[PDB]
Structure formats: structure tokens, C-alpha cells
Amino acid sequence: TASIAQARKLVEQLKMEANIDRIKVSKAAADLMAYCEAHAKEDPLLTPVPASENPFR
Amino acid sequence: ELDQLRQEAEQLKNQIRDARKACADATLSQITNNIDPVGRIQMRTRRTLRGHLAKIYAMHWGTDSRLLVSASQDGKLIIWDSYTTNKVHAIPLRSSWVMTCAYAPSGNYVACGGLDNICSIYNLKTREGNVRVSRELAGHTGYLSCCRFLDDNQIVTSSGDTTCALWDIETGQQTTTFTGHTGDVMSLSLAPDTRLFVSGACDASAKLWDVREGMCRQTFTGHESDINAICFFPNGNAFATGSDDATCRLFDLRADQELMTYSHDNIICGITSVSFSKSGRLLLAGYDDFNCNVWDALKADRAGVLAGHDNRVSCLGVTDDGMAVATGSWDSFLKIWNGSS
Amino acid sequence: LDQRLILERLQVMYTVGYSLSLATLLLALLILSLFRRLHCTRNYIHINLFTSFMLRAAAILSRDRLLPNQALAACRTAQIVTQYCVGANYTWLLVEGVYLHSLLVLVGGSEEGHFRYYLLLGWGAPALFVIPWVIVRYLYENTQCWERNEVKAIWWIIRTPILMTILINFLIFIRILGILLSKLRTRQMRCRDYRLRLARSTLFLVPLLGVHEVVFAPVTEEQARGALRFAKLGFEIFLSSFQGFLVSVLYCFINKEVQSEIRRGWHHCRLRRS
Amino acid sequence: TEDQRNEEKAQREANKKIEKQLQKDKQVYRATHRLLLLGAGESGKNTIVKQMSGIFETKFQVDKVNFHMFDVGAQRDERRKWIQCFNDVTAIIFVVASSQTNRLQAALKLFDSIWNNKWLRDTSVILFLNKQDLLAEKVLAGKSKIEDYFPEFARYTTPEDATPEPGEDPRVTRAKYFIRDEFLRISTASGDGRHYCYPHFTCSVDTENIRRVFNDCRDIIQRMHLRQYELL
Amino acid sequence: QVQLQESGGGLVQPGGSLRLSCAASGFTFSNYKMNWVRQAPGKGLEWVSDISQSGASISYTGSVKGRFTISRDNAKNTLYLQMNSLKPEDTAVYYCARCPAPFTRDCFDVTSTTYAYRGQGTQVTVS
């Protein structure tokens, strides 16, 4: 039937999901904040750009 | 016999949850509590496009961050020059019920689609310059909800039925099919490395796919209602999901679990559009309560409100260089917003 | 002396009535002009009607303050402008009624290009009907400034277009109220909506009573005898003033979307400030 | 350089041409009336479309008025997402088979859900209670879906509003008016919105649906225009 | 993640009394309108009852009203359906469903073939 087929596909997907290796959330947060601070200068949204070279003035 | 399969599946989900809990050694808020707040973000409108005469669903910025396409329910696809407000092109669509549109990275093609289950690709550069249907892609069962140009010859789309498809524009048939979702797929986003993409469906879950071999790599089930918008972080190792929970959430592929929640008591309406800034520190979310909010991604604190739309904000976009933020809404107006020093 | 003091109070009340008529009309024009979004045919017609009332009130005030050669020429110009603008006000009310009737009755098309024609009727008919009166008054019975009480022919030739236009407006509004009553009875609302018919009829039809206001304009002599005399004169000056005040308030302030939009703008300004 | 002026004036020319084309299209767009023909599964939608690929569009002109009708053919049963696209249509023609499982209950739930939609609270609904002749036969034979499913039909009486139908069995009229009363009670519940319901016992293939839809759209447009002028 | 799990049911004689208990552990229970739907062995899905967020608004599909009672408990984040005097036509599978949008008087796709926010099955039989 279709029920057994969808069940076996689902269990295969979950067992393929469970074999991956995770990374500590603290390290992920550190990497994310490092990326945020590294490109902080090159963001006109966070730091408004002077109107002399703002094309939308 | 089936009960054994259900027991095995629930055991696998329990062990995955246990692994995720063991992986959680800290919290994003706890580590970022010692970071200077972004502060109030006073963004004001600079340009207003008043060409459309019907509610607008989709828009996409160009690679040069100057030309932008917009899709409106009167069967209209307008390409504007944002700098001078002029209308570069106006394309009449065969099907008036458009729900998505994409602008090719090379700028030579424009994607469109909707309730007709057909993805129309328009060639902007011809021998005379007249726009015409370059190719129609058919094969999807449900309504075409989103489409993004993977390349000048490859396009990935998501349909109303639980199916995404990576096509070959040269030949016009699905090269790869991604299935496994439970509800309608509402949004799509392409990673900067072009290798992966996330899809958010109406089953309160988001799935990560790779276009090369074509099966789901990770599934995140942090939400509890329909997901309407998704977008990768500029780093490419994280993304954000907006749902009908009046809540935006941040996921990491490596962490494979929640990082930060963007809920507020005063917010009751769902989120229709989510996008990041160039640095990723600011998360701009369009809401159904006529407004738009700016969230400090590392602090989950509101930094500003993009009020000024007479209807719900349906589409939101940020330029590649991050010079301005476009917001479209159902009042048939696009507003471009920028900050002032 | 009681008659003299009540007449003085009457005159100052009349002047202050036109004063707040100017104030409300300016406020309405400013509200409906600088929003860039309330730009439709109906709002354009409202703007035209409001500016026609502006010209009427300004001309009337100037003529009143100018009444005792440069002075004679100024008085004649003020009188001509007054006649032209009082014609323009009624023809613009008729234009707005015609626009509403066509927008509510005509099936299909919904052509918005007729506005130019409305504009042609907005300030084209009054000139065409006042020019023969001007040339007749210049050629015959050339009174010093405005005293028109000796020749009835000029009175008929200047009042017939006004009466015809306002009768057409009255018939059109009767048809509109009939349609509205049919809709209300079809929905079968409550008694509050039953009296809402009269509530929306009287307020929109007292500008039509502006004609009974203008038939006997304030031309009163040094004294008059009779309670009903000054009673009806005070009633008239009333409609005169409000011929500005209530039309200005009802056609724009209670539109039911403008105050919502101004509240939205107030909230946006508060958010921007803090 | 003179180039910048050259492309600037070319952009101005293109923009003015596109603006003219957009105004010309705006006239036609405001001329036409858009309708969404939903339905309660099998209710006669196909027969009605025949009488009068994702989505099917039908263009028909009556009294020099153009109507586009949109029917969602190849779509999934989950309507909670793509139904928001039809908030600004003139009307939603909802066809209900008044005659397997309880189809009437599902139709009532669908109508209640559409009525209570936050985006569809300004969109009018035209009810087509089709299969009136089939319902007549059911009642006459004894087949009931009005009392069997709804035990309140015993404590129900024919309303004294009207009975435009000609000579017919009182039971059939009572049944059809009971169904109409259920739909009207669902529609007129406490709430807010600028929408209205137009019940119709059509069961008609003689182009009467054209007149009914045209009259309902005329009424909707007139009511909207009067509400703009706050006359009601 | 919603994890709507219900229990109860079994084989009973006609005229019996059953109490189905449904539990949700993936969202805020009090923010959503809850309902029960029924799927017959040979028929399709059919909505049978519904209760609002607070319990003030309760409605039934008919032919079960008075016979069926629905009641939610927000403190335990659970819900109960008490059915009395079973007829030999209620033998079917009962699903405890939560329709998607919170704080909304509307919800569209409870009785769909492939609904995502619907719980597992629970067979109840009468003979």
C-alpha cells in the first residue's frame, strides 16, 4: 500500500538525518557574530552612508 | 506491521531531539548580551513607484542594485530603474494571477509564475528589444509559489504541491525534483555558494536541499504554523524563517536547531517577507499589520519600523551592495527606504 | 435701540460666519491637496467646489469692505466676480451631483476621461450666462455698482440658469435618495438606518436650500418693522455663512477615510519622533 | 558628456510611452469585473461553466459589461494559501449542492471560513444553491439531509418573507428555505466587514445565472460607491 | 513538531460511553481553535465538532449534538471528547485537529486529505 511506502521513505529520511555531526551552538554563535562584526563597516543600513555618494538621495 | 514503522520513526525523532539538546551548550542571547546595541534605526523613504494599479506580490533586485522587477495581479511585470524612477520595461502576462517573479543574475532574463502552474521566462535582450516569452516551463501540479534563477540556464522553483523542481531552460523539462514536504511550499532562497537552498512549507518546517544530487539534507521544525518567507544569512551558514506565529526564527545548518526567536507581545499578525542586510546584523521583516520591522539579529530587539504602507507588506528586498531596501505592498506601491547620517 | 444693537450683532455674526467659512475651506483644501494619494475624480470635484466657495467668500468680503473712478471700477469688478462665482458654485454642485448619479447609475465603461468635460461645465457655463447680463447692464440701466431692483429682465436673465441648475440637482439627488432607500429596504436594517435616510438627506440638501438663502440676499435698509422680518433675515444670513461651513465640513471631514489617514499619519509622526 | 543626456532623454521617452500604455490598460482593467467561481466539490460548476492547466478563465459580456470568471481547476484541496489572491475580486460565486458523507456540512464550514476571512471580509459572496430540482425529488421521496443531519428542522417553520417559487409542495420550499436560513445565519453572525451575501435558488440552465450575476454585481458596485460617499 | 497525540476508543457495544483525550506538546494550546474530525472506513474525512480558544463557542456537525460534548483544558494543554449512546454508524477513526492560524475566527483546511496539523489515528468500533 501507499502507507507502508510513505512510512519507509520517512524512516529512511530520518535515519539519513540522524547520521550527521553537529557543531556546538556556542561555536556557531561565535562564528555568526564574528561575521556580523567583520562586515559591519560595509553596511549602509547599519551605518548610514553620507549623502554625497548615496545614489538614492 | 505499520506500528513497528511508527515506533521506529518516533524513536528516531526522539534520538534526534536528544542529540540536538545535547548539542545546545549555550544560548545566542547569553553570549551576545555583552554586545553594544544597534540602536534606533531611522529609515526614511527616498523613492516611491506608482505605476502598478493592483496589489503586488513579488519583486527582485538586479545584480547591479539599480534595476528591479515587480509583479502585480493585473497581469503586469514592470522593470524599473530605481535611481531615476523611470520604467525600463512593462510586460503583460498571459495569466493575471502572478505570485512570484525573479530577475536573472546576468540580467538578460526575467522569471514569472503563479496560479497557472507554468513558469514563464522572458528574454529581455532581443534583436529589437521587444520583450517576448522566451520559454514556458510546465509540469508542476500546484500553484507556482517561488522561483529563483540558479544560473542563466538553470532555474529552481517551488510549487503549491509539495514539490520543488530544478529545471533546464535550454530543454524545458525538470532536471531534478525535490519532494518530502507535507504542506504547500511558500518561499525559496538560494545560498551564496550556489550549492544548497532552503525551502519553507506550510508544515511548520524548513528543508535544506542540494541541487547536485537532490535529496533533503536537514529538516528544522521549530515553528508551529505556516512558513511564509525564508532567506539565508549572508554568511551562508544560517537562515531566517517568518511564519504566521507572529514570530521570526533563526536556524543554523551546523547547529541544526534554534538560535534566536523574534517574537513580541504587541505583534499578532504573521510575517510575509524576511530579508537580511549586507552584514546580516539587521533582519527586515514585513508584517501583515500594514508595517515592517527591523530586528537586531544578535539581540532579538526591535530597532525600527518601516511604516508608510497603506496595505500589508507582501514583498521585501535588499540590494546586493545594501544601499537601499525596497518594500512592496498590496496598495500597488513600492517604497524604497534608506538611512540618513 | 434694541433693533439697532441686534442688527449690529447680526452683522458681526454674519462677518464672523464668513470668517470661519474661509478658515474651514482653507483647512479642507490643505488637507485634500498635499497628501498626493486622495487624487481621484471625486476629490478633484471637491477641490473645485471648495475653491469656487473660496472665490465667492473672498469676493463677497471684498465687496462688503469696499462699498462706500478707481473705487467705482473696483466695485463693478467685485460685483461681476460675485455674480460669476455664485453661478459657479451652483453649477459645480450640479456637476458633483451629476458625477455621483452617473457613477451610481451608468452600467459599464466607468470612463474617467469625462472630468475635463465636467471642468468645462465647472467654469464655462457661468461665464456664458453672465456675459449677456454684464453687457446688458453696461449698455442699459448702468447703475453705479450693484443696485438691481428697477429692472426685472436682468433679474430673470441672471436667476434662470441658477434655478434650472438647482432644479436639475434636486431631481438628481431625489433619484439618488430613492436608490439609497431601495438599498436600505433591501438590506432591511434597523430604525436607526431608517432615519439615516433623512439624516443624510437634510445635511446634503441644505446647500440646495442655499437658493432660498440667496433669493433674498442681505440688502436690508436702515430699519424694518416686524418680528418675522428680522427672524427670516437672521435665518437667511445663517444659510449664507454655512453655505460655506457645513458644505466644507460634510464633503471632506466626515469622508470616513480622511480622519483615519490623518490618525495614521499622526501615529507615524509619533513613531518618527520617538 | 552628451551621452548622459542622450540616455536620459531616451529613458524619458520610454517612460512616457510606458505610462501611456499603462493608462490605456488601466481603462480596460477598471472596465472589467472579476469573479471567482468557487464551489462545494461537485455542485454543478462544470455544467454552469459550460452553460455560461492551473486556472481556467472565461470571458463573457452582458449589457456591454465584461466579466472575467476564474475557476481553479488544477489546484490542491488546501485553499488556505491561494484563496488570498482573490480578495479584490468583485464577487465569489459559491455553488452548493443542496441535494457519500455530509456535503452540506462541509459546504457550510467552507462558507463560514470564507466569510470569517480577514482578507476576504470585504469580498461579497453570491450563493448558488444548485440542484433545487434534485432536492425536491429527495424530499418528495423521503430522502432527507435536512432533518436526518440537522435535528432542528423539526422545530422549524417556513419564513413569512416570500415564496416567489410557483405552486410546489410546502415541504420542498421549507427544506430549501431552511438551507438558505442556515447559510444566512452563518453569514449574518456578529462581526465586521463590508461584504454581503446573495442567496439564490438557481437550478437553472436557461441563462438566468447571467442576469442574476449581473444584478448582484451591479448591487455590489452601487453599495460600494454609496459607502465611498458615506450615504449609508 | 506539533505532536497532536490522542488516545481512547476501542470495541464497545451500542449505547456505550467513550472519552477521547487529545494532547498537544508543540505550540500554545490556548491560542488556537481546536476541533474533532471523523473518517469513516469507506468514506472521506468529515468534521464532527469544534471548540474555540476559550470554550465559549462550541459547535457540532449535527446528529451528534447532545450526544457529543467537547471541552478543552488549557492548564493541561489537552482536550476531551465525551460521546454517549453510540449508534452503529459512528465506528470510524477520530482525528484531533488544530487549524493553522492563531487569534483568527477562520481556518480552512481541517478536513483535507494531507493536512499537516492533524494528529494520528484512533480506531473506535461499535457492534
# chains A, B, ... in the order shown; residues from 1 in each chain; ligands from 1
$ residues_around --residues "residue 89 of chain E" --least-positions-apart "2" --cutoff "9 Å" --atoms "only C-alpha atoms" --output "PyMOL selection string"
chain E and resi 40+86-87+91-92+126
$ interface_residues --of "chain D" --to "chain C" --cutoff "9 Å" --atoms "only C-alpha atoms" --output "PyMOL selection string"
chain D and resi 27-28+30-32+63-66+218-219+221-223+225-226+228-232
$ write_last_selection --atoms "C-alpha atoms" --output "PDB file, in the first residue's frame"
ATOM      1  CA  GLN D  27      -9.051  51.921 -18.525  1.00  0.00           C
ATOM      2  CA  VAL D  28      -9.709  48.315 -19.583  1.00  0.00           C
ATOM      3  CA  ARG D  30     -11.274  49.227 -14.427  1.00  0.00           C
ATOM      4  CA  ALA D  31     -13.878  48.383 -17.081  1.00  0.00           C
ATOM      5  CA  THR D  32     -13.866  44.617 -16.468  1.00  0.00           C
ATOM      6  CA  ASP D  63     -25.245  44.574 -21.258  1.00  0.00           C
ATOM      7  CA  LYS D  64     -21.928  45.924 -22.594  1.00  0.00           C
ATOM      8  CA  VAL D  65     -20.230  44.880 -19.332  1.00  0.00           C
ATOM      9  CA  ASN D  66     -17.284  42.472 -19.434  1.00  0.00           C
ATOM     10  CA  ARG D 218     -24.486  45.930 -10.061  1.00  0.00           C
ATOM     11  CA  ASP D 219     -25.785  45.939  -6.481  1.00  0.00           C
ATOM     12  CA  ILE D 221     -20.804  48.208  -7.101  1.00  0.00           C
ATOM     13  CA  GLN D 222     -23.641  50.568  -6.163  1.00  0.00           C
ATOM     14  CA  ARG D 223     -23.284  49.739  -2.463  1.00  0.00           C
ATOM     15  CA  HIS D 225     -19.931  53.610  -4.337  1.00  0.00           C
ATOM     16  CA  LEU D 226     -22.550  54.714  -1.805  1.00  0.00           C
ATOM     17  CA  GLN D 228     -17.500  55.839  -0.518  1.00  0.00           C
ATOM     18  CA  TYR D 229     -19.969  58.744  -0.309  1.00  0.00           C
ATOM     19  CA  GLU D 230     -20.969  57.606   3.231  1.00  0.00           C
ATOM     20  CA  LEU D 231     -24.624  57.746   2.206  1.00  0.00           C
ATOM     21  CA  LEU D 232     -25.448  54.549   4.126  1.00  0.00           C
TER      22      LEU D 232
END
$ residues_around --residues "residue 132 of chain D" --least-positions-apart "3" --cutoff "7 Å" --atoms "only C-alpha atoms" --output "number ranges by chain"
D: 98, 135-136, 201, 203
$ write_last_selection --atoms "C-alpha atoms" --output "compact mmCIF listing (two decimals), in the first residue's frame"
# COMPACT_ATOMS: atom_id res chain seq x y z
CA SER D 98 -28.27 21.43 -1.69
CA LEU D 135 -33.58 18.38 -3.63
CA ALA D 136 -37.28 18.49 -4.49
CA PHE D 201 -32.04 29.02 -5.65
CA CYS D 203 -31.04 25.27 -10.58
$ residues_around --residues "residue 35 of chain A" --least-positions-apart "4" --cutoff "12 Å" --atoms "only C-alpha atoms" --output "list in words"
residues 28, 29, 30, 31, 39, 40, 41 and 42 of chain A; 233, 234, 235, 236, 237, 238, 278, 279, 280, 281 and 298 of chain B
$ atom_distance --atom1 "atom CA of residue 209 of chain C" --atom2 "atom CA of residue 115 of chain C"
26.4 Å
$ residues_around --residues "residue 160 of chain C" --least-positions-apart "4" --cutoff "12 Å" --atoms "only C-alpha atoms" --output "JSON list (two decimals) with C-alpha atoms, in the first residue's frame"
[["chain", "number", "residue", "atom", "x", "y", "z"],
["C", 87, "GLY", "CA", -23.13, 80.96, -10.65],
["C", 126, "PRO", "CA", -21.39, 80.63, -15.56],
["C", 129, "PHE", "CA", -24.71, 83.03, -18.80],
["C", 130, "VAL", "CA", -23.18, 86.08, -17.07],
["C", 133, "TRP", "CA", -26.10, 90.05, -18.28],
["C", 152, "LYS", "CA", -36.82, 92.65, -13.67],
["C", 153, "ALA", "CA", -35.46, 91.43, -17.03],
["C", 154, "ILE", "CA", -31.88, 91.37, -15.75],
["C", 155, "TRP", "CA", -33.04, 89.54, -12.62],
["C", 156, "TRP", "CA", -34.71, 86.83, -14.70],
["C", 164, "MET", "CA", -32.63, 75.45, -13.72],
["C", 165, "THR", "CA", -29.32, 74.03, -12.49],
["C", 166, "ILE", "CA", -30.52, 73.69, -8.92],
["C", 167, "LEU", "CA", -33.79, 72.07, -10.01],
["C", 211, "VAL", "CA", -31.06, 79.01, -3.19],
["C", 215, "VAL", "CA", -33.14, 84.73, -3.31]]
$ residues_around --residues "segment 94-103 of chain E" --least-positions-apart "2" --cutoff "7 Å" --atoms "only C-alpha atoms" --output "PyMOL selection string"
(chain B and resi 225+244) or (chain E and resi 6+22+31-39+92+105+107+110+117-123)
$ write_last_selection --atoms "N, CA and C atoms" --output "short mmCIF file (atom, residue, chain, number, x, y, z; two decimals), in the first residue's frame"
data_model
loop_
_atom_site.label_atom_id
_atom_site.label_comp_id
_atom_site.auth_asym_id
_atom_site.auth_seq_id
_atom_site.Cartn_x
_atom_site.Cartn_y
_atom_site.Cartn_z
N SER B 225 3.42 26.98 12.79
CA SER B 225 2.40 27.39 11.83
C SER B 225 3.05 27.51 10.46
N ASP B 244 3.29 32.45 10.42
CA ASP B 244 2.05 33.05 10.88
C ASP B 244 1.96 33.14 12.40
N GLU E 6 -3.59 11.54 20.48
CA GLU E 6 -4.82 11.23 21.18
C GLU E 6 -4.86 9.75 21.53
N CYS E 22 -7.01 14.14 23.89
CA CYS E 22 -6.03 14.60 22.92
C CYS E 22 -5.08 15.57 23.60
N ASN E 31 -4.09 29.41 22.15
CA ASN E 31 -4.10 30.39 21.08
C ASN E 31 -4.80 29.90 19.82
N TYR E 32 -5.24 28.65 19.78
CA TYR E 32 -5.77 28.05 18.56
C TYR E 32 -7.16 27.48 18.80
N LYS E 33 -7.98 27.50 17.76
CA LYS E 33 -9.28 26.84 17.77
C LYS E 33 -9.10 25.37 17.44
N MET E 34 -9.67 24.51 18.28
CA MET E 34 -9.48 23.07 18.16
C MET E 34 -10.74 22.42 17.61
N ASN E 35 -10.59 21.23 17.04
CA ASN E 35 -11.77 20.53 16.55
C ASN E 35 -11.48 19.04 16.44
N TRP E 36 -12.56 18.27 16.31
CA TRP E 36 -12.52 16.85 16.02
C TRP E 36 -13.14 16.59 14.66
N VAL E 37 -12.48 15.74 13.87
CA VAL E 37 -12.99 15.29 12.58
C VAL E 37 -13.05 13.77 12.61
N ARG E 38 -13.90 13.21 11.75
CA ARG E 38 -14.12 11.77 11.71
C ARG E 38 -13.96 11.27 10.28
N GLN E 39 -13.29 10.13 10.14
CA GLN E 39 -13.09 9.47 8.86
C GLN E 39 -13.69 8.08 8.93
N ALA E 92 -15.46 4.56 13.28
CA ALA E 92 -14.60 5.28 12.35
C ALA E 92 -13.33 5.68 13.09
N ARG E 105 -10.73 33.88 13.71
CA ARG E 105 -12.03 33.22 13.67
C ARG E 105 -12.18 32.26 12.50
N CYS E 107 -10.46 29.24 9.75
CA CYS E 107 -9.45 28.23 9.47
C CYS E 107 -10.03 27.23 8.49
N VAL E 110 -9.06 21.97 7.63
CA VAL E 110 -9.05 20.92 8.64
C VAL E 110 -9.35 19.56 8.01
N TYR E 117 -1.30 19.62 10.26
CA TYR E 117 -1.52 19.85 11.69
C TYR E 117 -2.59 18.95 12.27
N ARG E 118 -2.75 17.74 11.74
CA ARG E 118 -3.72 16.78 12.23
C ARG E 118 -2.99 15.63 12.91
N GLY E 119 -3.56 15.14 14.01
CA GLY E 119 -2.94 14.09 14.77
C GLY E 119 -3.06 12.73 14.10
N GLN E 120 -2.53 11.72 14.78
CA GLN E 120 -2.58 10.36 14.28
C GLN E 120 -3.99 9.80 14.42
N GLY E 121 -4.15 8.52 14.10
CA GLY E 121 -5.45 7.89 14.14
C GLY E 121 -5.77 7.22 15.46
N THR E 122 -7.05 6.94 15.65
CA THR E 122 -7.53 6.21 16.82
C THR E 122 -8.84 5.54 16.44
N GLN E 123 -8.81 4.21 16.33
CA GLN E 123 -9.96 3.46 15.87
C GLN E 123 -10.92 3.19 17.02
#
$ interface_residues --of "chain B" --to "chain E" --cutoff "8 Å" --atoms "only C-alpha atoms" --output "VMD selection string"
chain B and resid 182 to 183 202 to 204 221 to 226 244 to 245 268
$ atom_distance --atom1 "atom CA of residue 79 of chain E" --atom2 "atom CA of residue 67 of chain E"
17.0 Å
$ select_by_dssp --residues "chain A" --states "helix (DSSP H, G or I)" --output "number ranges by chain"
A: 2-18, 25-38, 51-53
$ write_last_selection --atoms "N, CA and C atoms" --output "CSV table (one decimal), in the first residue's frame"
chain,number,residue,atom,x,y,z
A,2,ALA,N,0.2,2.4,-0.1
A,2,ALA,CA,0.9,3.7,0.0
A,2,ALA,C,1.4,4.0,1.4
A,3,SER,N,0.7,3.5,2.4
A,3,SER,CA,1.1,3.9,3.8
A,3,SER,C,2.4,3.3,4.1
A,4,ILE,N,2.7,2.0,3.8
A,4,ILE,CA,4.0,1.4,4.1
A,4,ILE,C,5.1,2.1,3.3
A,5,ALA,N,4.8,2.5,2.0
A,5,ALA,CA,5.8,3.2,1.2
A,5,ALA,C,6.2,4.5,1.8
A,6,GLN,N,5.2,5.3,2.2
A,6,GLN,CA,5.5,6.6,2.8
A,6,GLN,C,6.2,6.4,4.2
A,7,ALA,N,5.8,5.4,4.9
A,7,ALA,CA,6.4,5.2,6.2
A,7,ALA,C,7.9,4.8,6.0
A,8,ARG,N,8.2,3.9,5.0
A,8,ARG,CA,9.6,3.5,4.8
A,8,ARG,C,10.4,4.7,4.3
A,9,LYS,N,9.8,5.5,3.4
A,9,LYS,CA,10.5,6.7,2.9
A,9,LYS,C,10.8,7.7,4.1
A,10,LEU,N,9.8,7.8,5.0
A,10,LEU,CA,10.0,8.7,6.1
A,10,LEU,C,11.1,8.2,7.1
A,11,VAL,N,11.1,6.9,7.4
A,11,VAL,CA,12.1,6.4,8.3
A,11,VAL,C,13.5,6.4,7.6
A,12,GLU,N,13.6,6.2,6.3
A,12,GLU,CA,14.9,6.4,5.6
A,12,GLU,C,15.4,7.8,5.7
A,13,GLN,N,14.5,8.8,5.5
A,13,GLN,CA,14.9,10.2,5.6
A,13,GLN,C,15.3,10.5,7.0
A,14,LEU,N,14.7,10.0,8.1
A,14,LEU,CA,15.1,10.3,9.4
A,14,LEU,C,16.4,9.6,9.8
A,15,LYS,N,16.6,8.4,9.3
A,15,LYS,CA,17.9,7.7,9.6
A,15,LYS,C,19.1,8.4,8.8
A,16,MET,N,18.8,8.9,7.6
A,16,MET,CA,19.8,9.7,6.9
A,16,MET,C,20.0,11.1,7.6
A,17,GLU,N,19.0,11.6,8.3
A,17,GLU,CA,19.1,12.8,9.0
A,17,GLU,C,20.0,12.6,10.3
A,18,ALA,N,19.8,11.5,11.0
A,18,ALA,CA,20.4,11.3,12.3
A,18,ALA,C,21.9,11.0,12.2
A,25,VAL,N,26.6,24.9,19.7
A,25,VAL,CA,25.8,26.2,19.5
A,25,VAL,C,26.7,27.4,19.8
A,26,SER,N,27.5,27.3,20.9
A,26,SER,CA,28.4,28.4,21.2
A,26,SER,C,29.3,28.7,20.1
A,27,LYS,N,29.9,27.7,19.4
A,27,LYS,CA,30.8,28.0,18.3
A,27,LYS,C,30.1,28.6,17.1
A,28,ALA,N,28.9,28.1,16.9
A,28,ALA,CA,28.1,28.7,15.8
A,28,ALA,C,27.7,30.1,16.0
A,29,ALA,N,27.3,30.4,17.3
A,29,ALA,CA,27.1,31.8,17.6
A,29,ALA,C,28.3,32.7,17.5
A,30,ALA,N,29.4,32.2,17.9
A,30,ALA,CA,30.7,32.9,17.8
A,30,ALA,C,31.0,33.2,16.4
A,31,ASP,N,30.9,32.2,15.5
A,31,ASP,CA,31.1,32.4,14.1
A,31,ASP,C,30.1,33.4,13.5
A,32,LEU,N,28.9,33.3,13.8
A,32,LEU,CA,27.9,34.3,13.3
A,32,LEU,C,28.1,35.7,13.7
A,33,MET,N,28.5,35.9,15.0
A,33,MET,CA,28.8,37.3,15.5
A,33,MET,C,30.1,37.8,14.9
A,34,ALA,N,31.1,36.9,14.7
A,34,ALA,CA,32.3,37.3,14.0
A,34,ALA,C,32.0,37.8,12.6
A,35,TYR,N,31.2,37.1,11.9
A,35,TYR,CA,30.8,37.5,10.5
A,35,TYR,C,30.1,38.8,10.6
A,36,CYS,N,29.2,39.0,11.6
A,36,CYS,CA,28.4,40.2,11.7
A,36,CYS,C,29.3,41.4,11.9
A,37,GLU,N,30.3,41.3,12.8
A,37,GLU,CA,31.2,42.4,13.2
A,37,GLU,C,32.2,42.6,12.1
A,38,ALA,N,32.6,41.6,11.4
A,38,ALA,CA,33.6,41.8,10.3
A,38,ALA,C,33.1,42.7,9.2
A,51,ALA,N,25.4,61.4,2.3
A,51,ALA,CA,24.6,61.7,1.2
A,51,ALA,C,25.3,62.1,-0.1
A,52,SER,N,26.6,62.4,0.0
A,52,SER,CA,27.4,62.8,-1.2
A,52,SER,C,27.4,61.6,-2.2
A,53,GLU,N,27.7,60.4,-1.7
A,53,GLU,CA,27.7,59.2,-2.6
A,53,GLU,C,26.5,58.3,-2.4
$ interface_residues --of "chain B" --to "chain D" --cutoff "8 Å" --atoms "only C-alpha atoms" --output "PyMOL selection string"
chain B and resi 51+53+74+86-90+97+115-117+141-143+160-161
$ atom_distance --atom1 "atom CA of residue 227 of chain C" --atom2 "atom CA of residue 9 of chain C"
16.1 Å
$ closest_residue --among "C:244, C:36, C:191, C:3" --to "chain B" --atoms "only C-alpha atoms"
C:36
$ interface_residues --of "chain E" --to "chain D" --cutoff "6 Å" --atoms "only C-alpha atoms" --output "list in words"
residues 62, 63, 106, 107, 108 and 109 of chain E
$ residues_around --residues "residue 128 of chain D" --least-positions-apart "6" --cutoff "8 Å" --atoms "only C-alpha atoms" --output "mmCIF file with N, CA, C and O atoms, in the first residue's frame"
data_model
loop_
_atom_site.group_PDB
_atom_site.id
_atom_site.type_symbol
_atom_site.label_atom_id
_atom_site.label_comp_id
_atom_site.auth_asym_id
_atom_site.auth_seq_id
_atom_site.Cartn_x
_atom_site.Cartn_y
_atom_site.Cartn_z
ATOM 1 N N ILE D 93 -18.531 33.523 -6.427
ATOM 2 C CA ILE D 93 -19.725 32.740 -6.718
ATOM 3 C C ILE D 93 -19.509 31.361 -6.102
ATOM 4 O O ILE D 93 -18.751 30.544 -6.627
ATOM 5 N N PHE D 94 -20.178 31.107 -4.983
ATOM 6 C CA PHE D 94 -20.046 29.858 -4.247
ATOM 7 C C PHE D 94 -21.240 28.969 -4.573
ATOM 8 O O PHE D 94 -22.379 29.312 -4.241
ATOM 9 N N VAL D 95 -20.980 27.837 -5.219
ATOM 10 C CA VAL D 95 -22.024 26.911 -5.645
ATOM 11 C C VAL D 95 -22.106 25.772 -4.640
ATOM 12 O O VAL D 95 -21.094 25.129 -4.333
ATOM 13 N N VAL D 96 -23.308 25.519 -4.130
ATOM 14 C CA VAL D 96 -23.547 24.496 -3.120
ATOM 15 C C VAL D 96 -24.590 23.525 -3.647
ATOM 16 O O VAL D 96 -25.663 23.942 -4.095
ATOM 17 N N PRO D 199 -28.047 34.985 -1.539
ATOM 18 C CA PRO D 199 -28.526 33.623 -1.796
ATOM 19 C C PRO D 199 -29.396 33.557 -3.042
ATOM 20 O O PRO D 199 -30.109 34.504 -3.381
ATOM 21 N N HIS D 200 -29.331 32.415 -3.723
ATOM 22 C CA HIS D 200 -30.084 32.208 -4.954
ATOM 23 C C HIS D 200 -30.367 30.725 -5.135
ATOM 24 O O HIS D 200 -29.438 29.913 -5.140
ATOM 25 N N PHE D 201 -31.647 30.377 -5.287
ATOM 26 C CA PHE D 201 -32.044 29.017 -5.655
ATOM 27 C C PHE D 201 -32.103 28.953 -7.177
ATOM 28 O O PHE D 201 -33.155 29.116 -7.799
ATOM 29 N N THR D 202 -30.945 28.709 -7.791
ATOM 30 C CA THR D 202 -30.857 28.862 -9.243
ATOM 31 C C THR D 202 -31.408 27.643 -9.976
ATOM 32 O O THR D 202 -32.475 27.713 -10.595
#
$ closest_atom_pairs --of "chain B" --to "chain C" --cutoff "8 Å" --atoms "only C-alpha atoms" --output "Markdown table"
| residue | atom | partner | partner_atom | distance |
| --- | --- | --- | --- | --- |
| B:42 | CA | C:272 | CA | 7.5 |
| B:307 | CA | C:268 | CA | 6.6 |
| B:308 | CA | C:268 | CA | 7.5 |
$ write_last_selection --atoms "N, CA, C and O atoms" --output "mmCIF file, in the first residue's frame"
data_model
loop_
_atom_site.group_PDB
_atom_site.id
_atom_site.type_symbol
_atom_site.label_atom_id
_atom_site.label_comp_id
_atom_site.auth_asym_id
_atom_site.auth_seq_id
_atom_site.Cartn_x
_atom_site.Cartn_y
_atom_site.Cartn_z
ATOM 1 N N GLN B 42 16.605 54.942 12.088
ATOM 2 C CA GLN B 42 15.682 55.862 11.429
ATOM 3 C C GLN B 42 15.870 55.733 9.924
ATOM 4 O O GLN B 42 16.786 56.320 9.345
ATOM 5 N N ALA B 307 7.069 52.048 8.692
ATOM 6 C CA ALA B 307 5.677 52.401 8.471
ATOM 7 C C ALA B 307 5.542 53.325 7.269
ATOM 8 O O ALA B 307 6.450 54.095 6.945
ATOM 9 N N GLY B 308 4.390 53.248 6.608
ATOM 10 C CA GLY B 308 4.142 54.077 5.446
ATOM 11 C C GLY B 308 3.377 53.387 4.336
ATOM 12 O O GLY B 308 3.082 54.003 3.309
#
